[PDB]
Structure formats: C-alpha cells, structure tokens
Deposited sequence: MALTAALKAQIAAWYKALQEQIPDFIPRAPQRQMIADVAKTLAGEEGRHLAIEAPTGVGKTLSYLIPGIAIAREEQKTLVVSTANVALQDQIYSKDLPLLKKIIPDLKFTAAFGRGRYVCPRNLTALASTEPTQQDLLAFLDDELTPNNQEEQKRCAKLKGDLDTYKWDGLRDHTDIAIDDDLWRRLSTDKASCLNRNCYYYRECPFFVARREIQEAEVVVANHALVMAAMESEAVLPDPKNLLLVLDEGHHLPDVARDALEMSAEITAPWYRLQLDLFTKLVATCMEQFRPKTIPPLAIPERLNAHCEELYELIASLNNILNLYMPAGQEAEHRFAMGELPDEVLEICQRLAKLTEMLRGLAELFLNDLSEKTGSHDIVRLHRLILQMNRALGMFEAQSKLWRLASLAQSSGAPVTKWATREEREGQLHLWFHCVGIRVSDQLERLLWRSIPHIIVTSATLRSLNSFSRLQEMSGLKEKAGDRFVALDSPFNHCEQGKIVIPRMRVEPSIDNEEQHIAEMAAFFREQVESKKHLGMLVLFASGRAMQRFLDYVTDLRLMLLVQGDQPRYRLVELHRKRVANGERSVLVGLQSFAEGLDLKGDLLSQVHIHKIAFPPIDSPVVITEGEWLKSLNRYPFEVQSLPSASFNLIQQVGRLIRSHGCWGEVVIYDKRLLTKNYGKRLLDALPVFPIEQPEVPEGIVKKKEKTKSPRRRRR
C-alpha cells in the first residue's frame, strides 16, 4: 500500500519544508504520526486511526503531508474536517499555503454551509435601495429595504468589498459586524434562491465555492458539514473516493448527536393555529399556482381529515402530559429510562406518521414553487418554507420519541411547560444518549480509512471513553495511538491548589466564590503575571465571580462581550504593552485559547467541571448505566471531568518557553480518592498548596 514512489514523495516534501521554511523543526512524534497516517490512509494497516497529538507535535502538517501525497497518487480528495469555522480558517490560511510553497501545484478549497454565504441579489437590494422611515406598509411587506441609513451604508461597503474580492461573501471573513437579523436577510434558503433563474447565478459565492470543491485535492470542512454530506450524498465526492481527516475529533459524537436531538412545541391551541394556517396555505397554493404534481393529501377533504386526526392526537397528548404537572405553573416531566407508557407511545407513533406525511406534502409544494408573478410567488415560497421547517421539527421529534433505543441506549424523553409571551407553552424534547450506530453508518463503514486526531482524545489516561462514545473498536481494525507531549511541564510550570476552607458543593457556592475571588485578587495584586485566564463551569458562577471583581472591569475581557477573536486581539495588544490583562470565560475559552508565554502565565480554574447531575439526559443515562450494572459516577461524571480538566489545564503550556501556574480552586483534587486519578491524567506538574485569605461574602 505504501509504494516506493509514495514514500519518496512524502520524504521529499518533508525535507523541502524542513529546510526551506524558517523554524520548521522535526520531531520523532511527528515522524511517527506521518508514518501512522500514511499506513492507515494507504490501507496498509487496519481500518481507522485515532491518534492523539498533543500541542507541539505538529499535528496538522503531520496528516496533511501524507494525506496530500496519497490523494495525488490516487486521484482522490483529501477532506480535512475540523470543529468550527475559525479552525477551518486556520487550516486554510496558515497550514495549506505553507504546503503550497513546497507544492506550488496544490489545489485546495474550503467548504461551508449555505447559511454562511451572502446572497448577492439580497445584498444589492440592501445596498442600493432607500430607507424611507420604515414606510409602514413597506415594513409590513418586509420588502428588502435597509431598515435605516446606517444599515444602507454598511451594506454598500460590504457590496464594494464583495465586488472587488476584498470579501469572499462568507459571514466570518469580514470585519464589518453583521447583526443576526441582517444576516437572515442577506442570505436565503435553498428554495428562496433563484438558482439558474437569477441574473447573479454565475456570480454567487456559494455555488462558486461548491464548484471549487469538485476539482480540489484538499477540501477543508467542518464536522457538521461532513456529517450532512454523508446523509445527503450531495456536497462531497463519493465516500469510497475520500481520504478523511477528522481533526478536533473528540467533538465527533456530540456532532453526531444533532441527528438525534429535537425540541418542539406541542401545545394544543398553537397547534390548531398551525394546522389551520397550513390547510389554508395549501389551498391558496393550488389556486394561485397549480403545482405540476398534486398528491392525494393535497385534496382538501383528505388534507383536513388528516389534520383533524393529527390535532385530536396532539390534544390527547396535551391532556395526558398535563396530568404529570401542576396546573397554571411552569413544570417539567421526564420519562424514566426514556420509556413511554403504552398509550403515549402509540400516540407518538401515529404522530410520527402524520407529521412525516405533512412534511412530505410541504416539501413537494416548496420544490414546485421554487421550480416555477414573482412577488406573489415569493411570499408563498416563504410561508411554505416556514411550514416546512415546522413539520421537519415535528416529524423528527415524533420519530425520535417513538424509538425504543438508539445505539443500544434509551433516547431521553421529557416535556416542559414554559412561559413565553404571557402564556404557558408545552414542549416535547428528545435527546439520543448514544450515537455510535450513527457514526458507524455514516462514516466508519462508509469511508475506507479515517484519521481521528486531536490534542485531546483520552480521558483518565485511556481511550475507553472515546471507544464507547464513537464506536471505534480494535476488533474492527481501528488503532489508537497516544503521542507524547514534547514540552517539559514539570520544569515549565506548576499546579497550585489553594487551601480553601470549603469544597465547591452546592450549598457552599457563595463562600467558595468569595474565597476564590480573594485569592485571585491577591494574585492580580502581585503583578507577577500579565496574561491571566479565569475559567468557569457555569455562567452562573462566572457572573457571581464577576460581582466580586467589579473594580477590575478595565482589566477584564469577558466571554460574550465581544467575539472571541476580538477579545483575544485586545488581550494581545495590552499584554504586549506591559499591562495586566485577564480573560474570563466558559467552555469556549477552555477549548479555544492558544496563548504562548507572556500572553497566558496564570490559569484560574474555579472548579472541576463535573456534568450536571439533575439534567434529564444525564439522569436517563445514569438509569441506563445502572440497569447494565455500571456505576454512573465512574462511567459518566468522572471521565467527563477528567477530559475537561485536561483541556482546561492545557491552556498554560502551549510552547517551549511557556511558563506559569494553573490555580485550581477545587480542593477535592486532594480531598477525594478520585482526586488522584484526575491528577494522574494530567501532565506531571509540581503541586503547591498556599494559604487562602478570608473570604468576605457580598450581600
């Protein structure tokens, strides 16, 4: 499988980059990862490879070089998939052009979902049309006019950039802030688009990007897109012709779980309204634009016999679920083991059938309208597209609610009664607990050999959690490799566990935050660190902590206040200037921050990020683990805590020459037996246990 010419090509590109790009430094883990990826992707050894490549190993070049070599030899496409658009851009703008220097021949593109692309037609409307005081009837028309004059100028700037190729049309590739509402208007749904009819169709960024996919050697994708391309066999080449690298691979089950997740409203009056609107809309479609294809369900007698039966089912379900909950109150009911009582299951099966039928009708009408008075047709397309979305959520919901198991585990099922607009609304919720069958069918079986890599794949020094969640198995021929970290952590930093007076239990939170803040403040006062990061496991705790350090607002860059890349922008600017700067964030910061040396010398971790015990999904899972005679804490809480802790601690040492401390304020790392195990899955650091000032609680 590894031909002579291929080894020669990989070696050549390797020597090329190491002695022609300044600072490219070889490493033995890098050589091993190149060889392992090369053997897996050529078919020489087993099926799939899950290789953990800690920061510093040089992971992306390590799979890019053999991946590209094998793709060229075989006239295949290398698909590199990562977690989100920012990481995609990192691969597309930094690593691939670097390889283009030594492979001038290289053909690579990036791929994104339709929703990230501007629609030239709409933007032209927004840039070239007058804001006229929200002309009232015109607002009611929502007829493509800039809300106001500021909006109009911004749109014209965006259009100027688009037309001269300063802007590629992707939402994330422009500096100009775009409101979410604005973006909804600037982009369009597949049906809403004019395709070959539009006078821009040859000029549309999205279609051009897909055209680039077709002749490219490397496509940079995100996991959601790849999954969607495996369900709809529609955007990527045929799986058999694919080399697939799933960078940031630990995210893969969660992404797969989107296919087993739905929440939707089911409250009976609202439902009556929706069905009435739909019936009326189908009749007006038939009158206004007779479709080419008229299904028997569109026949009015049949359509509203169908809708009346659906409604009667919904109303029965409302009554049943309402008996679980106090009247006139917001409430909640979870079904243990995700198991529905027989009558409720029966109802959900019939609902699944009826809502799926309505979804099919709406889809057929929608495609008929899109195939085809442009103004009136577009109003009708929009309404029917809304209807389609409603019934999509419905059929998916009832399909999941009807499942006995998914990948050998229950689907979490539960209802909520929530207040919204002066009223109580009934929601149903389904969340698949395991997703391995999904990954197996869409990826593992479909693509001959896949690389799953990440800086962090293991939990508790083990691939066990990854194996169980992903379905990858040695028995199927998948291999699992953990490369060593290059850095020397014990000499490069320390872990600090202050002598806190309370554990961060539920009752203790107020005192705990107080003690933390005191200690944290003293650290800031030492002026020993310029780059600081504070990491929380809940937004509740983060806000509470923020109340104690309100005198430090100037110094604090808080997740959400600005887009993360801007917050890191400012952080770099101030630290380079000699000022103290503190980032404060949740999971997004714990996962995404990569700050070397001065930029981040002290990491503050409020607590061990254990999963929420009262969450319905966690409860249902623990029930199921119990029924299999496994201990939930051992199998569910502690491994998640280990993975999260590895990731959080992983912010400190990003390079040789990184230095500093990780302050962990959860005393249970020393106080509980499991503490040792969490510490043993971290890199080795010396542990210091300083005394803590008295915690003054605030009103």
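Checklist entry - What ranges of the deposited sequence, counted from 1, have no C-alpha atoms in this structure? => result Going by the record, the segments left unmodelled (no C-alpha atoms) fall at 1, 374-377, 705-716.
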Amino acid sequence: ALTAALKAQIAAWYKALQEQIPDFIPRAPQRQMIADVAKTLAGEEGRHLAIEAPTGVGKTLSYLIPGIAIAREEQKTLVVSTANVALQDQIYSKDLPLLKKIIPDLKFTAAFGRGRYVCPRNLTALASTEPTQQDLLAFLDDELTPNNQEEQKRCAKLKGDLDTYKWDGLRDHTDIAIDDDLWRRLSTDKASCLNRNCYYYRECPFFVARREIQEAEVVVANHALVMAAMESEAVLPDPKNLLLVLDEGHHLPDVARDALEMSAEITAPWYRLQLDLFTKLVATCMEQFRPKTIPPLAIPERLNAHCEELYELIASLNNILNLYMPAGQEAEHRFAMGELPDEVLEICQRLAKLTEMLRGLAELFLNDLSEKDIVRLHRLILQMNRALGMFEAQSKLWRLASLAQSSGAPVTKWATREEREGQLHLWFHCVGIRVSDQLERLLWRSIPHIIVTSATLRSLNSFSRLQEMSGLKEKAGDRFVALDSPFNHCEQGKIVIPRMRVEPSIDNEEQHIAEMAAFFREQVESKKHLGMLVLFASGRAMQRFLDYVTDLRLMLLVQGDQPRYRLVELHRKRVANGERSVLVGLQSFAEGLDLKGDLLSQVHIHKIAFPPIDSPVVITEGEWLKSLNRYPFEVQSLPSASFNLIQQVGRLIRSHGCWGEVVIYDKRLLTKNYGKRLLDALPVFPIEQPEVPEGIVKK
From here on, numbers count along this sequence of modelled residues.
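Next on the checklist: Tell me which stretch, 651-659 or 634-642, has the higher mean Cα B-factor listed in the entry.
Outcome noted: Mean CA B-factor is higher for 651-659.
Checklist entry - Per the PDB record, is the mean Cα temperature factor higher over 146-154 or over 476-484? => result Higher of the two, by average CA B-factor, is 146-154.
Next on the checklist: I'd like to know which of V375, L397, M532, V85 has the highest C-alpha temperature factor in the PDB entry.
Outcome noted: Of the options given, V375 has the highest CA B-factor in the PDB entry.
Next on the checklist: Between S459, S454, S232, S470, which one tops the list for Cα B-factor in this entry?
Outcome noted: Going by the entry's C-alpha B-factors, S232 comes out highest.
Checklist entry - Taking the entry's C-alpha B-factors for this chain, is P22 in the lowest, middle or highest third? => result Highest third of the chain for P22's C-alpha B-factor.
Checklist entry - Of the three thirds of its chain by CA temperature factor, lowest, middle or highest, which one includes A28? => result Ranked within chain, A28 CA B lands in the highest tercile.
Checklist entry - In terms of the CA temperature factor given in the entry, to which third of its chain does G597 belong: lowest, middle or highest? => result According to the entry, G597 has a C-alpha B-factor in the chain's middle third.
Checklist entry - If you rank every modelled residue in this chain by C-alpha B factor, which third holds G328: lowest, middle or highest? => result For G328, whose C-alpha B-factor we compare with every modelled residue in the chain, the answer is the highest third.
Checklist entry - What third of its chain, lowest, middle or highest, does the C-alpha temperature factor of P504 fall into? => result Middle third.
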